[PDB]
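Given next are two forms of a protein chain, the same chain in both, each as structure tokens and marked structure 1 or structure 2.
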Structure 1
């Protein structure tokens, strides 16, 4: 028939050269936009790409993971098609891989799927991604740690059930430790993930407090780095949006003195955020 379903037919071919050629083309189409992603889906590529995730052939695996992560970068309905095809069990299994290239690509697809709706984020949790993601926060490999933080932040940006699943997987003590990191990129991502957990209910905001995040957050307000300051202010302001018990905990941590000083900062974005955080605590 048409050119795209023919490429899909070559994905199960005994000729590995014919397989790689068709796989390379479908991957290139899937990286060209939502309309091009749908053409790949309609040709029936997803069941065939999912089958290739089990391949012991790293050359096939790298192109198949590249294609799926790109299909997962489209709309919510396109992300759902990736889940419906049964990609999540294969993606979760690849998190225990000693191959850093396969691992990073599995982390790309999982974070992209976890960037969809609440029910889609829940499907990533139900597949069992959280234990491996929490474990990867202890990795000495800065690239893997960042990809794992990105995937965790996307899961933590979900609703009550999703944030609760992140807390229950023991992600908070690891995230609080990462606040004392010499790496500005890692610090930003740990602050992004903490802000998302603190964007939940009063009990979930309290879990961030019980984890010991406030002393580290209050100290980050004395940073000469305006970018770190904005990230730290975003996290504290989310905690400030909690109940009176949570508001009092921020006051005891010594935030009011620092927030009063930050109202006089040269940077306008820092001024607005610190004034807003102080408004939440004093009222």
Structure 2
């Protein structure tokens, strides 16, 4: 069953190829054991070759199959990297077709959802300059996928977070804190909070980029999901050294943090209390 479809991924017939791809995506979406059976059958080298396809439909389907395989365990994501998917994926970040671009970003965010080894592989493949460039995109759908991929890379160790900072992601993220789009604002806050989950040098970079006045202002948001995202970003900054804690106080956060201890939402109360306790 599986060897036949793996052979069919190399077929000259476009319909036999499209059907094999759709079948492979369906098996790969059914858990880690089914992902492992797809890897063991040797589907990855053929999937990787299809990332060079001129056909839009085949490309989107190959990217979707790879994003499903990459939704598995760290060793399964490593199998996608070892098959050489990353140079072809990073190249697809320059696509003028927004449907292909969305799928390429989604595949990359799945790979970047692994361990530090998998995240470092994404960084070493040159994904960060293409991602940072996409933060300037007028397409809100692409911007959200790019922000999600960036937030996964920034979920790694201090070395991975520093690579995000070194790529110039911070000025683009601080600019997005003024977005009237609440979904984009939420994603930009999430990317910033992950960067701020690093060490004092990574936290100071967030402070130096001028994130604090916008974060402090968003504590006045009537949108509770925006408020929570801003509270978590500030709480991560407050987990830094005395210099980082002093910057939060200087930015005028203390008054609003104490007031939010009495907010209607009991989770906001806890997050504001935790933030204020880190500072004092």
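Rigid core here is just the name for the largest C-alpha set that superposes within 1.5 Å across the two forms. Residue numbers count along the first chain shown, from 1.
Quiz item: Does residue 268 move its CA by 2 angstroms or more between the two structures when the core is aligned?
Solution: No, the C-alpha position differs by under 2 Å between the two structures.
Quiz item: How many angstrom apart are the two C-alpha positions of residue 160 between the two structures, if you fit on the rigid core?
Solution: C-alpha shift for residue 160: 1.0 Å.
Self-check item: For residue 17, CA displacement between the two structures after the core is overlaid, in Å
Solution: The shift comes out to 2.6 Å.
Practice problem: Once the rigid core is superposed, tell me how far the Cα of residue 149 moves between the two structures, in Å to one decimal. | Solution: Comparing the two forms, residue 149 shifts 0.4 Å at C-alpha.
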